[PDB]
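Cβ atoms come from the backbone with ideal geometry, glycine included; neighbour counts cover every protein chain shown. All of this is worked out from the model, or read from it or from the source named; none is laboratory data.
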Amino acid sequence: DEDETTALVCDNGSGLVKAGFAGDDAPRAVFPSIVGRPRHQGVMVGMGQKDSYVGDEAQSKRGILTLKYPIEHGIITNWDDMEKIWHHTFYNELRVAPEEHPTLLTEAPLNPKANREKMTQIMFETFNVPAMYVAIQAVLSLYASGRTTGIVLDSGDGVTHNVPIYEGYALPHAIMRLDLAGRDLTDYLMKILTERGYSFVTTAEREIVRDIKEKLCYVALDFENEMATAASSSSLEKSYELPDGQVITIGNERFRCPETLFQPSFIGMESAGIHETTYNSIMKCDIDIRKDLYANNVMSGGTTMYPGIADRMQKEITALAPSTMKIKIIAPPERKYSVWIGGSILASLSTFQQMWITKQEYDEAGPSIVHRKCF
Amino acid sequence: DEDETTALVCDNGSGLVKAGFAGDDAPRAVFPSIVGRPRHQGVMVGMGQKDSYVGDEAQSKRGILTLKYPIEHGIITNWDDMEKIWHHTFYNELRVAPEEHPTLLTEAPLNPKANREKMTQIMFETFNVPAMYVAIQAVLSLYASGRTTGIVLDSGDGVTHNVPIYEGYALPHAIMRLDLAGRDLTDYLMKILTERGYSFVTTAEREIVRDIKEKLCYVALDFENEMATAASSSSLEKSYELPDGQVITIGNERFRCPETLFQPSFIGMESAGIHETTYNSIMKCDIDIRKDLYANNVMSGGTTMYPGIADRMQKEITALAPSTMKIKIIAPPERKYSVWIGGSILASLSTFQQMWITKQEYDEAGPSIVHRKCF
Amino acid sequence: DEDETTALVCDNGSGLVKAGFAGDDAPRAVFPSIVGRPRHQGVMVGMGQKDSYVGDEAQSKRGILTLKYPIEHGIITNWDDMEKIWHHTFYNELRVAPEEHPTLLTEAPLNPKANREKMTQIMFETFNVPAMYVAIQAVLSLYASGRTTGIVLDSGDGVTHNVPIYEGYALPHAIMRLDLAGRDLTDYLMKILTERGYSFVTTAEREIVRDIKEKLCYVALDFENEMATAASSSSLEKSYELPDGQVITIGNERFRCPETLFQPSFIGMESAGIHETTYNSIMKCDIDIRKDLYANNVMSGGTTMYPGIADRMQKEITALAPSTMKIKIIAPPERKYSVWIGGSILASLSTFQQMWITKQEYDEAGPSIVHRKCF
Amino acid sequence: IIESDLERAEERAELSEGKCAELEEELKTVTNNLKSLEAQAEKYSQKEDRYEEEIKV
């Protein structure tokens, strides 16, 4: 429905796919990366009923569906489900025909090449796109934020990439790939809500807990002060309405879940924590780089929206940092959306028009071309 | 009448309560976790007749009683009824007053905290026990089975816990708790027996179906091959004599009911089964742990009392496991009783003498102390 | 268990520790420079379990331990862990109390002096050694190799030192120190194995990649030719088996890891590589020295075990070198162990018996004495 | 009809309450930032003086 062959932009995460067209400042819609399937035997005749539901269909009919995500910590492992998600995104909601538009996809720079090669392959081979580019999420948040330098901290649903960029350059020896994200925080919360008497196991229950976290949780500027207080008084509880009319109240679990980002040991992970991985990405860079990365701690993705996190991360790095150095977090409202936004900006740059893989180049070069043309 | 001031041990599950003294062989008595109450109007007078019946009393007079279970899915919800079960257990069969004897009770680590707090509180406030401890059923299973390392698959009456333990340490993020247990297998059997022409709806009928399951059902090492014959010939049926002289038989339903453990969807549960949970508990553990857990899958609890289960599980995990690796199962004759057995072992260890909560510690701290000192 | 009060010899690097007695041919025990600590909460009672594990204990029980290396790029920063490594080495494996035997420790001359002062201090103040001598690894390398003159090429796990020696004298202005070593080569391998779909981040996983490197990696005489071949054919792929039965197949990563020694930009290092520095160490020496250093380029320490390394280094130095001149590399089987051997040789020389610091000269002078008595 | 308007009015209450809560969260975030900034503007004015003093000294 577009009146120009603008590039399409789709940010495919473990959570939701943000999608819209290049040149806008927002996706048209967010398409949860979900393909649902009925888990019950039909009794009534003439009910329609499909073998699978996609995106918002999968969540709307979830009462009898088992819901699964095709993306594991940033890598697509279930390609059949992503073709359904992508098809639905273009076909029904973005009202897009990729055959007439270049498409820009996003990815962590640290993920296996198999994902960037396959995403390049599907847009050219299944959706017949005239051109492709797969972009780096550190880059995309920095474009959206108006920055060329900084440590980009995603703390997303899937992966935390911890990548330092200076003057537009990667500083790869200082990268901390971290296997800790919102999907793990959610599982932790289900176990501690079980301690409170509310057992969340099945899909409807998993989606409820993800909704509880998104509306009730925070990290706390100071964990121990909130911990001691929340564990001692009901004044720190917050309620949530369960869909059947029942309610749940949450106390110190409200922050114990988000806290895993700073304390990965909460879920059995061996990790420095997001504030130390951010710190180490600054620390491992050259001495004349360190000052610029300290002043540019850059947020990306979701969870960066938790109360106390922008103030806490700045304090946690300051506590590890040398004196003299001025430490600052860049935490724009373009939060949870900056990677998609960066894609819109990048796709549209005049300086990026030659970075696109064309269909002819793809067909001659093969799928490995993404390694030579994108990153 | 005892020759030592030892601890008392009671495995109070959602099914039955195994009770005896620490340091002894087994439980002195096993009670149903049942409190029974009459559902009829009396006509004769001077007939005795209780307001409520407990344990074996509840079953012996069940012809006119409705039978309720104070414990469900691993948690006591009716503390008053458990106090009644315990008064009877301790004073009438064990012939002991807990006032002079430390008492060990059990739970799963993922049961709501209320379970451990009420177990501790009843024994300290209504029995005046000098000390308390709430134990982990998986730990007790490992002591009884001769292991410090393995996956404990307790397959109980109300819940399956599925927890990896390595060198005496928990790997808690890898616990795959499942909402499928022996009580659900009984209800499934009642529905399939109804399809066969034998409907059961009231308590007397429900207790009998559980008894039918316990004596007639098996799981089969290979359910497809078992079904090929069981569904083709009457030679695979087994008869059960009902209390009223009627005879009920079961054909391939004899193994299809237990099969739920490998097919939870049979009762409407969103799960692939116990072997999937066993496998994922191993998967969430570090690579240098996994080799020992594959070699040490531990069956404990009841419902493991189905012929073909040790072999069924070895095949089902081997099928998911990497090649080269040896997958092994521990399934001792001390099945269903192994938790009690472990309780006696733990309660009496010299290394466990300081793990006990004393009455003085309880009175000063209140019941929340169990959450901090036991585990 | 030793029949003489000979010197103890221990080569403690950032990777492995080689320990034995002077006058012998080989270390009696080899330990990793590792102290391990449990990162999990204990669940079972009476399980023993140590607070910390050392050397081979640390690796043997590693499934639930985080493993730390006390040495950072050649300098010991964690002396609590090193006194454990030394105590274990002496007390349990060499079966010696250092109080009865002199001890020789080793380090590069550009290693901060603080480390040789502390090595002298640990043996005198914790182990009460009667005497000390901190040796130059290059000195020990030339004794073990049968040389007085030559270039010592010693890239290790920590750093690369690169030092020319002529007639037993050092030419220190020609030392080319680089922050390029096996730990960084390993980090590069972890990133490129991630590119292939095998992401390794935890201690167990990091140890696996280090083990993959030691068993599978090589350099090849010609990098462009090996690269072009690996990119064209499966004939250069090699498999590795992992502890849980997983198998990884590795292609050009097998030599791209080692390649970093010639291409330091792979790990963010500002360097032209080890052949440029080996060449410069010869070049910075007087022309009447250079002829003997060119003909006696001597490998010691590990990484020298990569097939194709002796030939690639000889070829690159030859390409950089003037024509007519004969360039030769000595790469003896006593590789990775030759420094220990040199330690044994030096400690036992009659001409070296006056070089030992006694626990008297040390106590009167203090720790700084190592700078005047050793190097 | 009234109920349908009620559901929509209630929906508006929920949407508006949603916004209310969002604004409240933003209010508190901003207010908390205001307060940290009040503390910083003052600490900074004090630094304006500590630094001015370092210059004077």
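Structure summary
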item	result
Tally of residues being in contact with a helix residue (DSSP H, G or I) (Cβ under 8 Å, 6 or more places away or on another chain) and either surrounded by fewer than 21 Cβ atoms within 10 Å (Cβ to Cβ) or assigned to a loop (DSSP other than H, G, I, E, B) (or both) across the range C:334-363	7
Qualifying positions in the range A:185-203 - within 17 Å of A:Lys68 (Cβ to Cβ) and within 9 Å of chain B (Cβ to nearest Cβ)	A:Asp187, A:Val201, A:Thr202, A:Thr203
Residue tally, condition assigned to a strand (DSSP E or B) and β-branched (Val, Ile, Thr), over the range A:6-38	4
C:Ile122, sole failed condition from (1) part of a helix (DSSP H, G or I); (2) among the aliphatic types (A, V, I, L, M); (3) within 30 Å of C:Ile309 (Cβ to Cβ)	(3)
Residues of the range A:30-53 satisfying the condition of being free of Cβ contacts under 8 Å to residues at least 24 places away in the same chain and over 14 Å from A:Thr66 (Cα atoms)	A:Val30, A:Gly42, A:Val43, A:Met44, A:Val45, A:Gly46, A:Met47, A:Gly48, A:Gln49
C:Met305 being more than 30 Å from C:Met132 (Cα to Cα), crowded, with 20+ Cβ neighbours inside 10 Å and either touching a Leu at 6+ places or on another chain (Cβ under 9 Å) or outside the structural domain of C:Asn111 (by CATH) (or both)	no
B:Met123, sole failed condition from (1) in contact (Cβ under 8 Å) with a residue 60 or more places away in the chain; (2) in contact with a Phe, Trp or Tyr (Cβ under 9 Å, 6 or more places away or on another chain); (3) among the aliphatic types (A, V, I, L, M); (4) outside the structural domain of B:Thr249 (by CATH)	(1)
Filter pass, B:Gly146 being within 14 Å of chain C (Cβ to nearest Cβ), on the phi > 0 side of the Ramachandran plot and surrounded by fewer than 20 Cβ atoms within 10 Å (Cβ to Cβ)	yes
Residue within the range C:69-92 that is in contact (Cβ under 8 Å) with a residue 12 or more places away in the chain, over 21 Å from the mean Cα position of the chain (by Cα) and in a helix (DSSP H, G or I) present	no
Test: residue in the range A:95-113 that is farther than 24 Å from A:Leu185 by Cα, surrounded by fewer than 21 Cβ atoms within 10 Å (Cβ to Cβ) and either within 14 Å of another protein chain (Cβ to nearest Cβ) or aliphatic (A, V, I, L, M) (or both)	yes
Residue within the range B:217-238 that is assigned to a helix (DSSP H, G or I), more than 12 Å from B:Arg312 (Cβ to Cβ), in the same structural domain as B:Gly197 (by CATH) and touching a strand residue (DSSP E or B) at 6+ places or on another chain (Cβ under 7 Å) present	no
Out of B:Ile282, B:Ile208, sole residue that is assigned to a helix (DSSP H, G or I), under 30 Å from B:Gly150 (Cα atoms) and of a type in the set (A, V, I, L, M, F, W, C)	B:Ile282
Unique match (being over 19 Å from B:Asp11 (Cβ atoms), within 12 Å of another protein chain (Cβ to nearest Cβ), of a type in the set (S, T, N, Q) and touching an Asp or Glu at 6+ places or on another chain (Cβ under 7 Å)) among B:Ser368, B:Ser323	B:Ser368
Matching residues in the range B:262-284 - criterion: being under 20 Å from the mean Cα position of the chain (by Cα), more than 15 Å from B:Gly308 (Cβ to Cβ) and more than 14 Å from chain A (Cβ to nearest Cβ)	B:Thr278
Subset tally (residues that are away from chain B (no Cβ under 14 Å) and in a loop (DSSP other than H, G, I, E, B)) for the range C:239-261	4
Matching residues in the range A:54-68 - criterion: being within 14 Å of chain B (Cβ to nearest Cβ) and in contact (Cβ under 8 Å) with a residue 60 or more places away in the chain	A:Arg62, A:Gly63, A:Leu65, A:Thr66, A:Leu67
Residue, farthest from the other protein chains (Cβ to nearest Cβ), within the range B:150-179, restricted to residues that are in a loop (DSSP other than H, G, I, E, B), surrounded by fewer than 24 Cβ atoms within 10 Å (Cβ to Cβ) and over 19 Å from the mean Cα position of the chain (by Cα)	B:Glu167
Residue in the range C:196-206 that is nearest to A:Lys118 (Cα to Cα), counting only those that are touching a residue at least 40 places away in the same chain (Cβ under 8 Å) and surrounded by 18 or more Cβ atoms within 10 Å (Cβ to Cβ)	C:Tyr198
Hey, C:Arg210 within 14 Å of chain B (Cβ to nearest Cβ), among the basic types (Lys, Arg) and under 18 Å from the mean Cα position of the chain (by Cα) or not	yes
All positions within the range C:33-48 that are more than 14 Å from chain B (Cβ to nearest Cβ) and not aliphatic (A, V, I, L, M)	C:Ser33
Residues that are within 12 Å of chain C (Cβ to nearest Cβ) and closer than 15 Å to B:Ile175 by Cβ, drawn from the range B:285-309	B:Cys285, B:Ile289, B:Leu293
